[PDB]
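For reference, the structure is listed below as structure tokens.
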Amino acid sequence: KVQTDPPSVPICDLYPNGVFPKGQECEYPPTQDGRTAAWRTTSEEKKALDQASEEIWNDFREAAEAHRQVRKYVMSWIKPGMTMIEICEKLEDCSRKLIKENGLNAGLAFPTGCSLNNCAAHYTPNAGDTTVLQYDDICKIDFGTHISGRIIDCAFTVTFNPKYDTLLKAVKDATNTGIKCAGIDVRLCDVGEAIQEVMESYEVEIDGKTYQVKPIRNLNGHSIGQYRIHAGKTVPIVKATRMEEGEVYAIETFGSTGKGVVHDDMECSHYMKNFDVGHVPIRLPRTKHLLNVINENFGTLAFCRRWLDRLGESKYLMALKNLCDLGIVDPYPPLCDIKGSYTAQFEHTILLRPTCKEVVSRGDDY
Ligand SMILES: CC(C)Oc1ccccc1-c1c(C(N)=O)[nH]c2cc(F)c(Cl)cc12
Ligand SMILES: [Mn+2]
Ligand SMILES: [Mn+2]
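Residue numbers (PDB author numbering): 110 to 348, 352 to 478.
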């Protein structure tokens, strides 16, 4: 079976034996002393420990192949003039088909972020949003896929005006540096310092104005757990805990021509159940129904209001506010730097395998 144009064939139909293409395989970097961690590539004790978890790595790879094919399709049609809703719905329709959506066993890990200009993250349109992608916009496309809760958190920046080319180059280089410096036993603060050092070495000129590129200090990389986008460990992107064997990380960096700090701005669109809250009995009818719709369709994965609308849900705002006030669901509003500033992002998911570091979401694009 061969892939169609536009893509419509599920990834598990292109690889029916269940063996999915590997991502970029990398040798582990040497420790702070000077001694290499490379021995793992040939360690028979690590080879057995890596082959035992083959099913897990394989689930990540199916989700990363769906991610690669979706984003290549998006890059062929994403154009100024389209509404943000049209872009998100078209990407998500393709994503559901290629991942072969199946309740909580396979699907979309989180809503399609399409944050514009000074807004760096967590903007997706709610219904009625008339926002249109502009020729001069700097759009961060951040979407996720999953197979059995193995999440691919991977993102890129879209532009149509070549004036942002050096800002894009700075963020791509800083993300690639964070990826190279990652490895088993490496301290998280050292990955951050290396990212910042590369990012700040760039100066850019946009519309007659100049800036030294700044990392967004309150945004960061993070460990990923099963059905848990952020498993608790933080990979700073500026200058105590160490990366461990078997862990999975989202290595992301954000560069800004503003203050390099993000604040909560605009209306909220992204929501996600608190992973640590157990069962809470609810009598309020609309609130109880919405919590049941959330547990059924999303569980601990993130969602957006547009995804409640497509399920036939209506009059849920107060019920959603109640779940938020109770601490059962947390809101994740858009995170924006100062007005007039520009932000860019590049993100990859990496597997800290016993034998090698796998940049599972790597493609021929980024
Ligand atoms: C930047 C910060 C506010 O993000 C988080 C903080 C804690 C836990 C999770 C996330 C998060 C991330 C991510 N850290 O990459 N991506 C997300 C997609 C979503 F749809 C939602 Cl609701 C949540 C997340
Ligand atoms: Mn992301
Ligand atoms: Mn992330």
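The C-beta atom is built at its ideal place from N, Cα and C for all residues, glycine as well.
- Distance between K371 and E364, taken at the CA atoms: about 18 Å.
- For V183, the enclosing alpha helix (DSSP H) has its first and last residue at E163 to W186.
- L213 is not a Cβ neighbour of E201, given a cutoff of 8 Å.
- Fewer than three Cβ pairs drawn from the stretch 295-310 and the stretch 247-261 lie within less than 8 Å of each other, which leaves the two stretches out of contact.
- For the 8 Å CB-CB criterion, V313 and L276 form a contact.
- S224 is bridged by DSSP to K249.
- Non-local C-beta neighbours of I120 in its own chain, meaning closer than 6 Å and more than five positions away in sequence, comprise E171, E174, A175 and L207, ordered along the chain.
- Using a Cβ distance threshold of 8 Å, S426 and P220 do not count as a contacting pair.
- Residue pairing by DSSP leaves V472 without any beta bridge partner.
- For a cut-off of 8 Å, the C-beta gap from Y478 to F265 is around 6 Å, short enough to register as a contact.
- Ligand 2 never approaches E201 closely enough for any of its heavy atoms to be under 7 Å from the residue's Cβ.
- When DSSP states are grouped into helix, strand and coil, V280 belongs to the helix group.
- DSSP places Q160 in the uninterrupted alpha helix (DSSP H) bounded by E153 to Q160.
- Spanning the alpha carbons of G330 and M191 requires a straight line of approximately 30 Å.
- In terms of side-chain proximity, the C-beta atom of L328 is found nearer than 7 Å to a non-hydrogen atom of ligand 1.
- If you keep only unbroken alpha helix (DSSP H) runs of at least 4 residues inside the stretch 402-477, you get 417-421 and 429-437.
- Relative to the non-hydrogen atoms of ligand 1, the Cβ of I338 comes within a distance shorter than 7 Å of at least one.
- In this structure the stretch 127-140 touches the stretch 465-475; the number of beta carbon pairs closer than 8 Å is three or more.
- According to DSSP, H231 shares a beta bridge with no other residue.
- According to DSSP, residue pairing for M384 in a beta bridge involves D442.
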